[PDB]
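First up is the structure itself, then whatever we jot down about it.
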Amino acid sequence: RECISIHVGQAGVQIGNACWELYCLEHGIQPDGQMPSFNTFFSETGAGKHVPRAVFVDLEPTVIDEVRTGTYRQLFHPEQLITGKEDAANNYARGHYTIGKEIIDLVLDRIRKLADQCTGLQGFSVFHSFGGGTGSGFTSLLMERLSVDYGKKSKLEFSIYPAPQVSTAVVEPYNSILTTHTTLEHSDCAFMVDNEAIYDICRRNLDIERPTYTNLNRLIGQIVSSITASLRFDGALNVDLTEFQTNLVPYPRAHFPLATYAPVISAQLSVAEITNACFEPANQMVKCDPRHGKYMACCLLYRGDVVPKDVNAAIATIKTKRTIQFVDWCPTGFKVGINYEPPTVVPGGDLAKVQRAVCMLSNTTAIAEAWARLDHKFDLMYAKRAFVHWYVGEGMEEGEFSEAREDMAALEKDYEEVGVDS
Amino acid sequence: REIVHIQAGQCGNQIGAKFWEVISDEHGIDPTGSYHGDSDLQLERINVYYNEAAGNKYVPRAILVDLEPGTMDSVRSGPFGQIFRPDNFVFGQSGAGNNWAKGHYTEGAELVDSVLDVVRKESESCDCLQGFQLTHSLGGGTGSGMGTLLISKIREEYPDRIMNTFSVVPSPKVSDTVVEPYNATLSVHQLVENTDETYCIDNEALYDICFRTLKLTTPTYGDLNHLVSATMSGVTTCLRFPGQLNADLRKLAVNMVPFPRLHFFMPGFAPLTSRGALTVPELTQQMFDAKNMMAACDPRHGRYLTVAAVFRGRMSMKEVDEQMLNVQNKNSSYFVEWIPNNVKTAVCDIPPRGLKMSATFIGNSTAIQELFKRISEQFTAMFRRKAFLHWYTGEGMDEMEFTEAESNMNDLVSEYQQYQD
Amino acid sequence: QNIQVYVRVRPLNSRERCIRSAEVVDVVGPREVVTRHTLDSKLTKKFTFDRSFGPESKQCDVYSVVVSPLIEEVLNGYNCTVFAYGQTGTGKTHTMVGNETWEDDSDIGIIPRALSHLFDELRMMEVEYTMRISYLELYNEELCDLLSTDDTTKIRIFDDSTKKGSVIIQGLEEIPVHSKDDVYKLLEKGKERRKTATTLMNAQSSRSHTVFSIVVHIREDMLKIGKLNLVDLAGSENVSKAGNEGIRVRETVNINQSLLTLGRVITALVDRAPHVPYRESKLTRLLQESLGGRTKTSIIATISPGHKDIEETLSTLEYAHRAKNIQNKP
Ligand SMILES: Nc1nc2c(ncn2[C@@H]2O[C@H](COP(=O)(O)OP(=O)(O)OP(=O)(O)O)[C@@H](O)[C@H]2O)c(=O)[nH]1
Ligand SMILES: Nc1ncnc2c1ncn2[C@@H]1O[C@H](COP(=O)(O)OP(=O)(O)NP(=O)(O)O)[C@@H](O)[C@H]1O
Ligand SMILES: Nc1nc2c(ncn2[C@@H]2O[C@H](COP(=O)(O)OP(=O)(O)O)[C@@H](O)[C@H]2O)c(=O)[nH]1
Ligand SMILES: [Mg+2]
């Protein structure tokens, strides 16, 4: 009934900051580790201390210091803290072969210590960046070692994907092509969210013209909280992680769900009116259009005070409003997550104290459209063959690119193929 | 992460004098080596540019090299005169005097190996080298002479390290002798093939910025160094402090360089104004504007390949990227087509002292093709008459050494012609 | 005028049989149409070349087909050049040079066969000749003369005023040759001087670009200088596949970064860019005149038929097919 955490790259560290802060505050853990006066994500020694079942590994020692030298340095044991000595320079090549191969072995050693410390490992969640190098190369090699030792384990991924228009680095489109072969073949479930649409919510619902990373990260943390931490408390219908690979992924190579979660009001919200926002395209957290594609599978997870009996009417209204062109393969694909515990607001956060919350997961053909945004960006730079020498410098040959580009085409068709069948 | 920085030549040794003075005032370290700042983040990455000393002192990890003692003695004479350890001074007499052949091939070569020993001794005591900075001249015989040979031997010893060069381009506007352009063709002849990345600065732009925005009547030569001083700090800023996207030096190199040859860029410091409005978008406008380009060319004449932005202060990238995205749309003709995002953002949390916001510009555009056309024309014109060759011919430099210097130069210039449009 | 482009397929090696890799690529000799595809023979691509070569073909056979007709055209005063390039262990070093060293019948390589075959060609004319050789390897952006005795002098590469495409080399000891015995004693030292290390892909994997040029003057009067560049490049090395932990990994950088520059030279010449960046590699400047100049050049590609190494196989074929559009100035 326990699972561990993996946060690779700068994205993983800063994101997890709010994640564990939530986890620490969700259950009344002090920043020291001493609960005044359940154990799913923590082990408890006899000293009255809790420890997070986390793995924070970074190839640059810059970002880790913020945690281990400021606050929350008592909650962590440096045992888990693994650190590199040089950044991957946003090169999947250097991240995978050059530096990561020299650090990866140290990481695996700490994992078997935790897995044995736990009993009945449910899996682990992956945190990294598809655009960044560290989240591309070091992650990919790391993932491959996991499936070798732990074949029958869940592998969730939260890879923040860059925007079609807004970007931070120039070689971002090159990493995504290399990671596609890595995640799709190995990982069973991966979640792609993009800060662009995350900005859209913060300037529409929160009315905030100064959203920083910390604000966006606290939002992502709430998604992960309800996915696992709430499923560790019983309700009308509790859900597990493993059924998702069967309840949400109706075929082997069909797994890239879309997540939405928008109970965002500044300091009246009826039940059904909240659930409607889960399907509004304007807050889908990824720049796509549900009307462009179709809906394959979709399961919900309700937080706080929710009564299933009158809920069934709201679910029916989704079918009664049938303009979304639901696919034919799954008529009754709605697993309802019913958790009695409500979410909590972190002091100094930008979210209001709600009495009920709903977070949606759904695979669809719309995520295939996000690939169409990327594919052109990659092909143009490959035509002039620019910035390619760096990856050849570390030793990854250009043949990898041609091979990996076809996996993007083949995967994008598979989602298009499902709509044809009727 | 450790980085070694080298000074060479009459001009180069003067420029660093302000540089370290800024870095020392950055962390708040008194000239003698005692630390008296108040910020604890200053000591978080002190290893980058200093070595711990006895009695809790600090030593600037520097190498001071020249062919003339007078210029270097003045540095040790004035403020921060005791901050270096004198053993790092490596020099001799009989300066080259704008004689590249003497500086690179014949005279400095005798002093070259002595410098390599101090370079080699420095690296081993360091944990792990990151990059190599060399401040020198391109038109000055000495700095270009030794510096080019200095880079050749260093890169041969360290292929994995970063060869960043902050050099001064011979300005077509002002110079003391008309023989200065010859050195540049001989300078870059060794640079491109043996350097990872190069920074271009012009004196005309130097006086241009101090005259326009600063509105100073008498621009002193030291105050021009005050401009270039912080520009290098912007490149390093991601290494010292924790930030949102700490773009390391090698990370920055990969973002700009589209091909292992075309690695010349144009720095520029935006937030400088008269005593007279201070917003974050206020920096973005100054960033793209030509009045902050340290090259003697209009960046709008050519087109940009890549642009790196390093911001100093509490800033939301939402306020950045939305402001940044306009530049991609406002001037669509100014960027190439096959690169969708020409921008490289890097947000370091801590700004310099005094100011609350700041911006560090790093851009590689095709405009540099013009700056080298200035040198090539004068070089070819004076080469036809073969005037003042016996000043260089007797030192043991064959004519064909100049011949390749011509074609290999213009090939770099012709490269941007296609990539522009 | 068009550059002749042929392709050869090697047999499966030990590891190709140890990993149990099946044959996915096939050839047709006379039709010169190599058929290649993935594991499941469903969709297949068609590559047309001047000639095809199966795995059972001999070294002298490939020499007879492509290399031999170019031997006789040297005396007209024109330059020729041919080189193999591709994935590691495809068999380039064995094809061009040959593993173990008179007649053009045995498994002897191209280079010592060229010396045996051309020697009678000059003797048949009874012309006055001064033939010399050159053995150099490009290792980590350094020039090392194998044939030279001392080679301590820093070898540079300069341009020329008269010859626009050519480049002047200093320190190349042009030893005259009048007998085949004298050439074999030094050349075997050249491959003894050839820097090689053991890899899991190939225990005799080349570790440097060995550009072996041949030059001979002709006088009988219109003086002529025959030029032939028997180039033996290093192969592309998947740094994870070969296996190394180090000093060897520094070699992989320069070798792999060099081939990448080569391909763009074809990319620019096919799409007809105003200029082509030969300046970024010493290797590119060596073949600068060879690529898009006044020289009848040829290329002999080698590809593994292994299903595993399909990616490098298919990708390498790209530059080979595109090269047929490149023109010259005869
Ligand atoms: N939304 C959001 N994105 C982030 C955050 N932190 C990092 N990222 C993304 O992560 C990308 C870079 O990922 P990383 O690989 O982790 O960066 P790194 O750890 O310094 O390693 P390199 O990319 O190789 O430099 C950036 O482009 C960001 O878009 C964050 O806190 N919030
Ligand atoms: N046609 C062939 N039939 C059988 N064996 C071959 C053939 N071609 C090459 N080989 C063998 O394959 C191995 C590879 O030799 P080699 O020529 O060095 O490969 P390569 O592609 O040139 N890699 P490199 O050594 O770096 O140039 C040697 O043991 C050769 O004897
Ligand atoms: N920015 C700046 N440039 C300088 C300074 N002093 C000299 N220069 C430039 O350096 C160039 C020539 O350098 P030079 O004195 O010949 O260096 P040398 O090779 O050691 O003799 C001149 O064109 C000047 O513009 C200075 O204090 N600051
Ligand atoms: Mg990064």
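Chain labels run A, B, ... following the order of the structure tokens; each chain numbers its residues from 1, and ligands are numbered from 1 in the order shown.
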At most 8 Å from ligand 1 (only C-alpha atoms and all ligand atoms): residue list as number ranges by chain: A: 8-15, 58-60, 63, 87-92, 95, 128-136, 160-162, 167-169, 172, 194-195, 213-214, 216-217; B: 244-248, 251
How would you report the residues lying within 8 Å of ligand 3, as a ChimeraX atom specification, if you count only C-alpha atoms and all ligand atoms? /B:8-12,14-15,66-68,95-100,136-145,168-171,174-176,180,202-203,206,221-222,224-225,228
Separation of CA of residue 268 in chain B from CA of residue 361 in chain B, in Å and rounded to one decimal: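 Separating CA of residue 268 in chain B from CA of residue 361 in chain B is a distance of 5.1 Å.
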Expressed in Å to a single decimal, how great is the separation between CA of residue 76 in chain B and CA of residue 7 in chain B?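 Spanning CA of residue 76 in chain B to CA of residue 7 in chain B is a straight-line distance of 13.8 Å.
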Would you mind listing, as a PyMOL selection string, all residues of chain C that have at least one atom within 7 Å of chain A, where only C-alpha atoms are what counts? chain C and resi 238-239+252-253+256-257+311-312+315
Given a cut-off of 10 Å, which residues of chain C touch chain B, counting only C-alpha atoms, written out as an mmCIF file with C-alpha atoms, in the first residue's frame?
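Saved result, iface-v8.cif, follows:
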```
data_model
loop_
_atom_site.group_PDB
_atom_site.id
_atom_site.type_symbol
_atom_site.label_atom_id
_atom_site.label_comp_id
_atom_site.auth_asym_id
_atom_site.auth_seq_id
_atom_site.Cartn_x
_atom_site.Cartn_y
_atom_site.Cartn_z
ATOM 1 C CA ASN C 140 41.971 14.135 -33.195
ATOM 2 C CA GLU C 141 42.363 17.049 -35.631
ATOM 3 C CA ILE C 157 47.161 22.728 -44.611
ATOM 4 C CA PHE C 158 47.376 25.873 -46.744
ATOM 5 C CA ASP C 159 45.457 27.037 -49.789
ATOM 6 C CA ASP C 160 46.973 27.761 -53.192
ATOM 7 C CA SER C 161 46.812 30.724 -55.546
ATOM 8 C CA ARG C 250 37.902 11.469 -27.065
ATOM 9 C CA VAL C 253 34.089 12.831 -30.739
ATOM 10 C CA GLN C 257 31.920 15.187 -35.608
ATOM 11 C CA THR C 261 30.396 17.761 -41.611
ATOM 12 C CA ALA C 273 23.894 26.753 -51.932
ATOM 13 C CA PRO C 274 25.997 29.762 -52.989
ATOM 14 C CA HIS C 275 28.869 28.407 -50.878
ATOM 15 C CA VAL C 276 29.616 25.221 -48.946
ATOM 16 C CA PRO C 277 31.246 25.247 -45.484
ATOM 17 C CA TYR C 278 34.378 23.174 -46.069
ATOM 18 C CA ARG C 279 36.261 25.247 -43.490
ATOM 19 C CA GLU C 280 34.811 23.541 -40.419
ATOM 20 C CA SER C 281 36.811 20.326 -40.874
ATOM 21 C CA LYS C 282 40.297 19.521 -42.078
#
```
Show me which bits of chain B are within 7 Å of chain A, counting only C-alpha atoms, as a VMD selection string. chain B and resid 242 250 to 251 255 257 to 259 316 to 319 321 325 338 to 345
Do a neighbour search on residue 241 in chain B at 8 Å with only C-alpha atoms, toss out local chain neighbours closer than 3 positions, and write the hits as a PyMOL selection string. (chain A and resi 62) or (chain B and resi 41-42+44-45+237-238+348-350)
Using N, CA, C and O atoms, can you export the residues from the last selection as a PDB file, in the first residue's frame?
```pdb
ATOM      1  N   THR A  62      23.163  22.761  -8.360  1.00  0.00           N
ATOM      2  CA  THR A  62      22.656  24.099  -8.082  1.00  0.00           C
ATOM      3  C   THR A  62      21.311  24.058  -7.368  1.00  0.00           C
ATOM      4  O   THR A  62      21.141  24.680  -6.313  1.00  0.00           O
TER       5      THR A  62
ATOM      6  N   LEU B  41      24.052  33.843   0.566  1.00  0.00           N
ATOM      7  CA  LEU B  41      24.081  33.247  -0.760  1.00  0.00           C
ATOM      8  C   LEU B  41      25.373  33.568  -1.492  1.00  0.00           C
ATOM      9  O   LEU B  41      25.718  32.873  -2.452  1.00  0.00           O
ATOM     10  N   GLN B  42      26.091  34.603  -1.054  1.00  0.00           N
ATOM     11  CA  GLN B  42      27.351  34.955  -1.695  1.00  0.00           C
ATOM     12  C   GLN B  42      28.387  33.855  -1.515  1.00  0.00           C
ATOM     13  O   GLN B  42      29.196  33.602  -2.414  1.00  0.00           O
ATOM     14  N   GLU B  44      27.675  30.692  -1.167  1.00  0.00           N
ATOM     15  CA  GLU B  44      27.132  29.404  -1.579  1.00  0.00           C
ATOM     16  C   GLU B  44      27.897  28.823  -2.760  1.00  0.00           C
ATOM     17  O   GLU B  44      28.058  27.603  -2.857  1.00  0.00           O
ATOM     18  N   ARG B  45      28.371  29.672  -3.667  1.00  0.00           N
ATOM     19  CA  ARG B  45      29.155  29.232  -4.815  1.00  0.00           C
ATOM     20  C   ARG B  45      30.398  30.095  -4.971  1.00  0.00           C
ATOM     21  O   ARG B  45      30.732  30.564  -6.061  1.00  0.00           O
ATOM     22  N   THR B 237      26.303  34.614 -14.228  1.00  0.00           N
ATOM     23  CA  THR B 237      25.327  34.792 -13.157  1.00  0.00           C
ATOM     24  C   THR B 237      24.548  33.516 -12.862  1.00  0.00           C
ATOM     25  O   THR B 237      24.178  33.271 -11.708  1.00  0.00           O
ATOM     26  N   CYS B 238      24.297  32.687 -13.876  1.00  0.00           N
ATOM     27  CA  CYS B 238      23.579  31.442 -13.633  1.00  0.00           C
ATOM     28  C   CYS B 238      24.374  30.469 -12.776  1.00  0.00           C
ATOM     29  O   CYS B 238      23.785  29.556 -12.191  1.00  0.00           O
ATOM     30  N   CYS B 348      17.926  34.238 -13.309  1.00  0.00           N
ATOM     31  CA  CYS B 348      18.665  34.130 -12.059  1.00  0.00           C
ATOM     32  C   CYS B 348      17.951  34.942 -10.988  1.00  0.00           C
ATOM     33  O   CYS B 348      17.533  36.078 -11.237  1.00  0.00           O
ATOM     34  N   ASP B 349      17.812  34.362  -9.797  1.00  0.00           N
ATOM     35  CA  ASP B 349      16.942  34.953  -8.786  1.00  0.00           C
ATOM     36  C   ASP B 349      17.484  36.279  -8.270  1.00  0.00           C
ATOM     37  O   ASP B 349      16.732  37.252  -8.147  1.00  0.00           O
ATOM     38  N   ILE B 350      18.772  36.349  -7.979  1.00  0.00           N
ATOM     39  CA  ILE B 350      19.359  37.483  -7.270  1.00  0.00           C
ATOM     40  C   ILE B 350      19.869  38.494  -8.290  1.00  0.00           C
ATOM     41  O   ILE B 350      20.668  38.125  -9.162  1.00  0.00           O
TER      42      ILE B 350
END
```
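For the residues C:297, C:14, C:76, C:101, ranking by smallest atom-to-atom distance to ligand 2 using only C-alpha atoms and all ligand atoms places C:14 first.
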Counting only C-alpha atoms and all ligand atoms, which protein, DNA or RNA residues come within 9 Å of ligand 2, given as a PyMOL selection string? chain C and resi 8-13+54-59+84-99+196+201-209+232-237+302-303
Among range 221-400 of chain B, which ones does DSSP place in helix (DSSP H, G or I), written as JSON, numbers by chain? {"B": [221, 222, 223, 224, 225, 226, 227, 228, 229, 230, 231, 232, 233, 234, 235, 236, 237, 238, 239, 240, 249, 250, 251, 252, 253, 254, 255, 256, 281, 282, 283, 284, 285, 286, 287, 288, 290, 291, 292, 317, 318, 319, 320, 321, 322, 323, 324, 325, 326, 327, 328, 329, 330, 368, 369, 370, 371, 372, 373, 374, 375, 376, 377, 378, 379, 380, 381, 382, 383, 384, 390, 391, 392, 393, 399, 400]}
Tell me which protein, DNA and RNA residues are within 9 Å of residue 292 in chain A, counting only C-alpha atoms, leaving out same-chain ones fewer than 3 positions away, and put them as a PDB file with N, CA, C and O atoms, in the first residue's frame.
```
ATOM      1  N   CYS A 288      -5.116  22.214 -26.950  1.00  0.00           N
ATOM      2  CA  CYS A 288      -5.751  21.326 -27.913  1.00  0.00           C
ATOM      3  C   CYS A 288      -7.248  21.604 -27.894  1.00  0.00           C
ATOM      4  O   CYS A 288      -7.738  22.423 -27.110  1.00  0.00           O
ATOM      5  N   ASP A 289      -7.975  20.913 -28.763  1.00  0.00           N
ATOM      6  CA  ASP A 289      -9.415  21.108 -28.919  1.00  0.00           C
ATOM      7  C   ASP A 289     -10.129  19.765 -28.893  1.00  0.00           C
ATOM      8  O   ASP A 289      -9.862  18.910 -29.764  1.00  0.00           O
ATOM      9  N   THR A 365      -8.144  11.670 -28.708  1.00  0.00           N
ATOM     10  CA  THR A 365      -7.397  11.954 -29.922  1.00  0.00           C
ATOM     11  C   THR A 365      -6.858  13.375 -29.955  1.00  0.00           C
ATOM     12  O   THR A 365      -6.071  13.702 -30.850  1.00  0.00           O
ATOM     13  N   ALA A 366      -7.256  14.223 -29.004  1.00  0.00           N
ATOM     14  CA  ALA A 366      -6.767  15.595 -28.979  1.00  0.00           C
ATOM     15  C   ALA A 366      -5.287  15.674 -28.643  1.00  0.00           C
ATOM     16  O   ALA A 366      -4.604  16.584 -29.123  1.00  0.00           O
ATOM     17  N   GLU A 369      -3.047  15.888 -31.508  1.00  0.00           N
ATOM     18  CA  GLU A 369      -2.872  17.188 -32.142  1.00  0.00           C
ATOM     19  C   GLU A 369      -1.646  17.909 -31.599  1.00  0.00           C
ATOM     20  O   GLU A 369      -0.948  18.604 -32.346  1.00  0.00           O
TER      21      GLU A 369
END
```
